[PDB]
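# Overview (structure and organization)
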Amino acid sequence: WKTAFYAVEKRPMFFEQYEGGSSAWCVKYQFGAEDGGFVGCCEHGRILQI
Amino acid sequence: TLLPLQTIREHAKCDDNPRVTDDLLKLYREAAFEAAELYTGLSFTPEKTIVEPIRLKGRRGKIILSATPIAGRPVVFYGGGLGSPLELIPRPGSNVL
Amino acid sequence: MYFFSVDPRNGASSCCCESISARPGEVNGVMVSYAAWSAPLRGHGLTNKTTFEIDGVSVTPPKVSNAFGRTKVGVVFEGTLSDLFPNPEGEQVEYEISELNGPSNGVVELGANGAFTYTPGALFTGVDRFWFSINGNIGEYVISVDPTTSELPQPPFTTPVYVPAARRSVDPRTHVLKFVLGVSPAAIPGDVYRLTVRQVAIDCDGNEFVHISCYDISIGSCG
Amino acid sequence: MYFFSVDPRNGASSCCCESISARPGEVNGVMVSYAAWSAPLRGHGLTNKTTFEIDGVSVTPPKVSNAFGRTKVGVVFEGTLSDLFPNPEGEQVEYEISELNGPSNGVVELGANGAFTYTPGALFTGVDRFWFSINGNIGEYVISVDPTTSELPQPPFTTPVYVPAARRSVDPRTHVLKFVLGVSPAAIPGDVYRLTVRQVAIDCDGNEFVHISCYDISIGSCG
Amino acid sequence: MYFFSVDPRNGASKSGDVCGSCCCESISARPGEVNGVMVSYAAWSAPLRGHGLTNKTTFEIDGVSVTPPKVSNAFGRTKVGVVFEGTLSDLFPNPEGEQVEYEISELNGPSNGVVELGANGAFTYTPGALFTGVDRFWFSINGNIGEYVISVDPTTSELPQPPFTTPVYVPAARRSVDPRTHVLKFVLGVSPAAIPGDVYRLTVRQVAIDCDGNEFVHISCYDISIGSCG
């Protein structure tokens, strides 16, 4: 796994109040995150199946 | 079907005088049913549909309906800071919601 | 600016279609509030998939006919006006070019006996129309000015009552549709046409709720 | 949007079924409030096991018949429009393609005498309908464009009055049932249909409480 | 949901609210519906201070108006997975000569299969794959409703023969009783084969229990009337 598949990370999750859209009744929060992954050389690695 | 013209003419003892015809007696019979559902409020009116903006009332939002929609049909609200509509089934007899 | 609140389709509240009065020449605007019908149908409001159709229930077919000419840019164009008024009875022909409905990007002078000369403005190519009035009866003469290269296509001979191509709109926040209603100067007073509107709403996942209504446009002179 | 509060079946409070008005072409929505009947039966509320059925008590069978065709993607399709209207008497035929119910992914060049051609939109695979009108009689002509490999199935020739496949929803928190009621543009005014609804409740343990009611759809012109 | 306050057996206040026409209470039912009925023994069992009610209720159904059905019922048998075929023309011996409008109501169709109505009293029941049990569907031969029951056998030997559920029935075990407030609940089911206009009589024998274990039995009756349109 240390060479068959990689997982990239840029920024962890974030939480930001959204002033605007909050119409004085329902205060609305917003969250998000960025990340990713990709398969490297997919010769190291096999799958068992029935 | 509510008031047959035979009962009124026999109650008021006015059936042999042509001065009270059927048309003038009809205008009378319409004047006693518009004031019966207006001093006591039993809605002797036919089905009407009102488009009506509601304006906020107080800190907790009293909403008084200007036409009392039936008893339990859900009145829908939209616009004015409300991003998505919602229904509301009101009081039968009263409009203070 | 007309304003109609359409029926709410709730089993609740002379002719069928509502009325709209128009005078030959005007270009008015109409509003319709679909709030009473689409607000309980909680979705994404309305959509710009509306369609119109104009049908005539009384036409009184026109007396004079129209005509189409062709010319290039800058070159003077000449034409007659006598072969456009089929008169079953014998009567004089008081040719007239209304100053109100004259050309837009040119100039024309009326002859004494069914003559006119449309000299287009310098450096102008496109389509230009002007409405004549033969003995009270009104028609149109459409000429296209070509940039001398090959040719130009045929214009569609605008109808008595039309709805413009793309000037409609809709605000899904208040459930209101706006469109334009323009009447040709050749419309004959006393006639009646019928306009039909198919409005389609949308639910949360993308399905459709259709709604159809009609309006009776009665072309009457003087409002 | 319609609304009906159903009877709670307690031995308590002209015709039997409720009244539902409809206009040819519309697609409306109906709400039913099963609260009065299922709330005393305290359980897990309602379940999505509703069943519908449409029956006709007045039909006036259609004058013009429907038809079906086929063509490959990108390929133009031609067909006839005259062998679909067997006329009893001998009279003329004024074919017409209603603009409000034309095709949705192409255009139709309706000829002069029951002839037409259908050019499907570029790179489009599916089914497409359009509603012709022969002497006022309305019938649909279904065309299924194939993605050039083999074929697509044959659609079921939508009924005059129908309920869509899956657009129903039941709120178990407020005991309210919603569905869509679409009426074909081929519906004939004056006819009466009958829609029966079988809604199933559920107890805490997993048994059923059935409930049946009916509605009388009266297809009337101008709402 | 029906509700009934039973008479307290006090020799008085048995009028309460009664526009007298019969003895047994009235219950209106519509063919196909399955409702739940409530009865409150609080007025009769609370003075009898003891261990309240018990789960020893006994029901009985007898009809005072039958109007015997026109179309008979039938039975079908087939193994698991194998398609079944059957005829629907023998089930309607008609006295007069008239056509046979076979119809299958989509509301009372099968539950684990599908049925394709043929041209003349023929139908194909293809039971659901990987399914074994009993399944019915309610036909309608020219207005007269009857049920056709089919049992798919798990290919080993056979399955038994179900008892052809009656017009009106009370389920086997779907009742309950709350001794803290003396209220009995049960379910009242009416098959889609009941004829509108008939009236059946339902008798309920409810027995209480004292502080030591003796019995206080109570008997009352009800008149269920099969009426169309609720």
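Definitions and limits used
Residues numbered from 1 in each chain as written, not as in the entry; some residues may be left out. Chains lettered and ligands numbered in written order. Part of a larger assembly, values for the part shown. Heavy atoms only, no water. Buried < 20%, exposed > 50% of the residue type's maximum accessible area, 1.4 Å probe, protein only. Helix = DSSP H or I, 4+ residues; strand = E, 2+ residues; numbered from the N terminus. Pairing = 2+ DSSP bridges. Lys, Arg positive; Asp, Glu negative; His and termini not counted. Salt bridge = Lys/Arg side-chain N within 4 Å of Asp/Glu carboxyl O. Polar contact = N/O pair within 3.5 Å; in protein donor to acceptor, adjacent residues only side chain to side chain. Contact = heavy atoms within 4.5 Å. Disulfide = S-S within 2.5 Å. Axes fitted to C-alpha atoms, helices over the stretch in contact; angles between N-to-C directions. Buried area = accessible area lost by both parts, 1.4 Å probe. 1 Å grid on protein atoms, 1.4 Å probe; cavity = no way out; pocket = protein on both sides within 12 Å on 5 of 7 lines; lining within 4 Å. Points joined across faces, edges and corners; volume = space filled by probe spheres on them. Nonpolar A, V, L, I, M, F, W, Y, C, P; charged D, E, K, R; others polar. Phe/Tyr/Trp six-rings, centres within 6.5 Å; stacked < 30°, edge-to-face > 60°.

Structure determination for this PDB entry is given in the record as cryo-EM, at a resolution of 4.5 Å.

## A look at the pairing of strand 10 (residues 144–153) of chain E
All names here are of chain E. Of all ten residues in strand 10, eight are buried, a share of seventy percent or more. The pairing of strand 5 (residues 74–79) with strand 10 spans six bridges and is classified as parallel. Opposite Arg-77, over in strand 10, you have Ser-151 as the bridge partner. Pairing analysis gives nine bridges linking strand 9 (residues 133–141) to strand 10, with the strands arranged antiparallel. When the bridges of strand 10 are listed, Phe-139 appears paired with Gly-146. If you look at the hairpin formed by strand 9 and strand 10, you'll find two residues sitting between the two strands, and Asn-142 has a positive phi there, around 60°.

## Details of the side chain of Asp-191 of chain D
Residue and element names in this part refer to chain D. Assignment of secondary structure puts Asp-191 in the loop between strand 14 (176–183) and strand 15 (192–202). The charged side chain of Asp-191 is buried without a salt bridge, its nearest counter-charge being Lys-63 at 11 Å. Polar side-chain contacts of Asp-191 include one of 3.1 Å to the side chain of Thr-60. Not counting residues up to four positions away in its chain, the partners in contact with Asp-191 are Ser-58, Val-59, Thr-60, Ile-217, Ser-218 and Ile-219.

## Observations regarding the state of the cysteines
Considering all chains together, one arrives at five disulfides over all chains under this definition. Across a sulfur-sulfur distance of 2.0 Å, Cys-17 of chain C and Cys-214 of chain C are joined as a disulfide pair. A torsion of -95° about the S-S bond marks the disulfide between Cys-17 of chain C and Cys-214 of chain C as left-handed. Taken together, the residues span a long stretch of sequence, with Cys-17 of chain C in the loop between strand 1 (2–5) and strand 2 (18–22) and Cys-214 of chain C in strand 17 (residues 208–219) at a distance of 197 residues. With respect to class, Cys-17 of chain C is no different from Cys-214 of chain C; both count as buried. A disulfide bridge connects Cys-24 of chain E with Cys-221 of chain E, and the sulfur atoms are separated by 2.0 Å. Here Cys-24 of chain E and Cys-221 of chain E share a disulfide; its torsion about the S-S bond, -90°, makes the bridge left-handed. With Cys-24 of chain E in the loop between strand 1 (2–5) and strand 2 (25–29) and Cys-221 of chain E in strand 15 (residues 215–226), this residue pair connects regions lying 197 residues apart in the sequence. Judged by relative accessible area, which is 18%, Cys-221 of chain E ranks as buried.

## A look at the sheet that holds strand 7 (residues 108–110) of chain C
All names here are of chain C. Overall, antiparallel pairing links the three strands, which are arranged 6-8-7 in an open sheet. Strand pairing shows two members of the sheet lacking a second neighbour, strand 6 (77–80) and strand 7, which therefore form its edges. Averaged over all pairs of adjacent strands, the angle between their axes in this sheet comes to 15°, without regard to strand direction. Bridging between strand 6 and strand 8 (residues 115–118) involves four bridges; their strand directions are antiparallel. Bridging across to strand 8, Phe-77 finds its partner in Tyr-118.

## A short note on the environment of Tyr-118 of chain D
Residue and element names in this part refer to chain D. As for its position among the elements, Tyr-118 is in strand 9 (residues 115–120). Linking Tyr-118 and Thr-174, residues 56 residues apart in sequence, is a C-alpha distance of 49 Å. If we ignore the near neighbours within four places in the chain, the residues touching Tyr-118 are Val-76, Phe-77, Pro-103, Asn-105, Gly-106, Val-107, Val-108, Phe-124, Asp-128, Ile-143 and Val-145. Within the local environment of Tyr-118, its side chain forms a polar contact with the side chain of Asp-128, the two groups lying 2.4 Å apart.

## Structural notes on the pairing of strand 1 (residues 2–5) of chain D
Residue and element names in this part refer to chain D. What you see with strand 1 is a clean split: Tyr-2 and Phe-4 sit on the buried side and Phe-3 and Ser-5 on the side with no burial. Both strand 1 and strand 3 (residues 27–33) contribute to a ladder of four bridges, which runs parallel. The partner of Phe-3 across the bridge, within strand 3, is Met-31.

## Details of the interface of chain E and chain D
Opposite the 17 residues of chain E that make contact, chain D presents 20 residues. The three residues of chain E that bury the most area against chain D are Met-1, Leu-107 and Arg-174 of chain E, which together make up 38% of that side's buried surface. Our count for the chain E to chain D interface comes out at zero salt bridges. Linking chain E with chain D are eight residue pairs in polar contact.

## A short note on empty space enclosed by the protein
There is about 100 Å³ of room inside the largest cavity. As for the largest cavity, its lining consists of 14 residues, of which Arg-9 of chain C together with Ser-21, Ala-22, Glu-26 and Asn-28 of chain D are closest to the centre. At the level of secondary structure, the elements contributing two or more residues to the lining of the largest cavity comprise strand 17 of chain C together with strand 2 (18–22), strand 3 and strand 14 of chain D. Residue composition of the lining of the largest cavity, grouped by class: eight nonpolar, three polar and three charged.

## A short note on the pattern of salt bridges
Residue and element names in this part refer to chain A. For the structure on display, the rule yields 20 salt bridges over all chains. Between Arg-11 and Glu-34 there is a salt bridge, and its shortest N-O distance comes to 2.3 Å. Here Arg-11 is found in strand 1 (residues 5–17), whereas its partner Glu-34 is found in strand 2 (residues 29–39), with 23 residues between them in sequence. One network of salt bridges, in which partners are shared, links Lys-10, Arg-11 and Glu-34.

## Concerning the side chain of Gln-199 of chain C
With respect to the helices, strands and loops of the structure, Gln-199 of chain C is situated in strand 16 (residues 192–202). Excluding residues within four positions of it along the chain, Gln-199 of chain C makes contact with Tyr-34, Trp-37, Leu-46, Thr-47, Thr-50, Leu-177, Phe-209, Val-210 and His-211 of chain C.

## Let's talk about the packing of aromatic side chains
Counted according to the given criterion, the structure contains 26 aromatic pairs over all chains. Taken together, a centroid distance of 5.0 Å and an interplanar angle of 70° make the contact between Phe-116 of chain C and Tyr-141 of chain C edge-to-face. One end of the pair, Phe-116 of chain C, is in strand 8; the other, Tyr-141 of chain C, is in strand 12 (residues 141–146), and 25 residues separate them in sequence. Assigned by exposure class, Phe-116 of chain C and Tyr-141 of chain C land together as buried. Arranged with centres 5.0 Å apart and planes meeting at 35°, the rings of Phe-4 of chain E and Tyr-222 of chain E form a pair that is tilted. Remark: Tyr-222 of chain E occurs in strand 15 and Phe-4 of chain E occurs in strand 1; sequence separation between them is 218 residues. Residues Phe-4 of chain E and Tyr-222 of chain E agree in their burial class; the two are buried.

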